[PDB]
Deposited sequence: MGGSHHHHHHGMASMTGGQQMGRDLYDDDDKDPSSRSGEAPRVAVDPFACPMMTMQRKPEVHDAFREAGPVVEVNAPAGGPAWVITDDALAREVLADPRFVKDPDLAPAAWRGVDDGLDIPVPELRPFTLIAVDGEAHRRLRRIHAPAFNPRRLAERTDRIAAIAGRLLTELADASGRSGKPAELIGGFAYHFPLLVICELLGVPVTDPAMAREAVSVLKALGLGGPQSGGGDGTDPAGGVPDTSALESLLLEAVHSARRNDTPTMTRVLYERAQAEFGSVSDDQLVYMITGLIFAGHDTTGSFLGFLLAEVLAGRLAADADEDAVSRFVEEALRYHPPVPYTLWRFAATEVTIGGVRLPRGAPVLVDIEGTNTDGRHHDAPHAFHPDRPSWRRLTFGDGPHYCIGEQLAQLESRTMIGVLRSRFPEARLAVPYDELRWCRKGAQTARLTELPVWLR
């Protein structure tokens, strides 16, 4: 049926900043829907057309249900996001239908952008502390500040933890713990001492239960309880565990790119607000951290751009590819903020759209304000052309490193 390209779509060599993997162009040229090799055995189909993928993502026949995935995938493609049956109703990514509408109704007031905005200053603070520290340390050592390990993940982590009421002192270690928690909770084997974080997560929940203070975590607790009749501490810890993982790991991947672009000098020195939000917009087009959508499966057989897809056909949208489509974007592998503001799929589409878009963009804009207002001379300590980025399977794209002189 479909044009077939016999490769892992997740394959990814060491990459330079300007290029995207060639698999992407292969798929596109082969057609709107392309059979490829899934990492964990068996076929998979990849969409390459913006318009098509958008319909697919609002099409109830394409579902998250991890139980439709191939048996060979279970306990071997940690790219498969498979909570145990009884937590799936608390996992946004693993449901559709009313279970999903419910979770969405639960998260939406918690992510109220009025209330995100009210904490701009707190977020600037976080950025600045981190940046000062890395600067102060760079002056001491004489070595450049490595912004990936140093900032890109610690910044969004602290932000998202703070909004939930989760007091973190060691961002490096909270990251390791929350990563493990995530792994276990999305189906994975078997000592990152998660108990530490768990303790703090449980504290936020506890705090949320007893205090009418409208935290993010309290709003969650209120909506869950009304929707579910009754919610448990372990349930609320579980959900927020997921917000922390997503809130830091995807964002941080992105921010490393955004930084590299800012520090390379590609944003004009006197950029208005709007010029900045244009630069961010473009970096989100040009450096999506998530290559393809999350695993979706055909719930029946379906025929989609003239191709006929079996029951349980593993389907992906190509985010990286669609965003770098010569056809819909003039000079797609060039970085042009002033581009005629067009659509992208970096945050996805349809009922499962990223609920963090606002936050991630807020974080992005604010970070650039801190940098140009307090670190005006911050510059790459190596050439942009020598930077390199990579991803191993289902992991977000990220730079190997980002050496910087912050002042």
What are the unmodelled segments when the structure is compared with the full deposited sequence, in sequence order?
-> 1-38, 229-240
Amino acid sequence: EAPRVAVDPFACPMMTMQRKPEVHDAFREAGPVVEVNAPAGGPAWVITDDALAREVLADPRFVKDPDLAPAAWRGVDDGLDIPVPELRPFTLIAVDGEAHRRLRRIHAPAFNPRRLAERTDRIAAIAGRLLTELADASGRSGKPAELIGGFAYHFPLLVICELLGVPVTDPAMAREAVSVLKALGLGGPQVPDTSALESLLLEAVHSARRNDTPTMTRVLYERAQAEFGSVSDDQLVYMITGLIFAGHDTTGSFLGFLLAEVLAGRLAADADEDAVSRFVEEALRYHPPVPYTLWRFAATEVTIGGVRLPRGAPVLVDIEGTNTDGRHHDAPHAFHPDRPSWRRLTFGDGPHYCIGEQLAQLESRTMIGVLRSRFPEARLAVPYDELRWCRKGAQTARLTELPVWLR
From here on, numbers count along this sequence of modelled residues.
So which stretch wins on mean C-alpha B-factor, 269-277 or 250-258?
-> 269-277
Higher-scoring stretch by recorded Cα B factor average, 191-199 or 145-153 = 191-199
From 127, 158, 71, 283, pick the one with the largest CA B-factor in the entry?
-> 71
Most elevated Cα B-factor in the entry, residues 162, 96, 318, 118 | 118
If you rank the chain by CA B-factor, which third does residue 364 end up in: lowest, middle or highest?
-> lowest
Could you look up the Cα B-factor of residue 14 in the entry and say which third of the chain it sits in: lowest, middle or highest?
-> highest
Comparing residue 333 with the other modelled residues of its chain, is its CA B-factor in the lowest, middle or highest third?
-> middle
Chain-relative CA temperature factor third for residue 347 | lowest
Among the modelled residues of its chain, the C-alpha B-factor of residue 38 falls in the third labelled highest
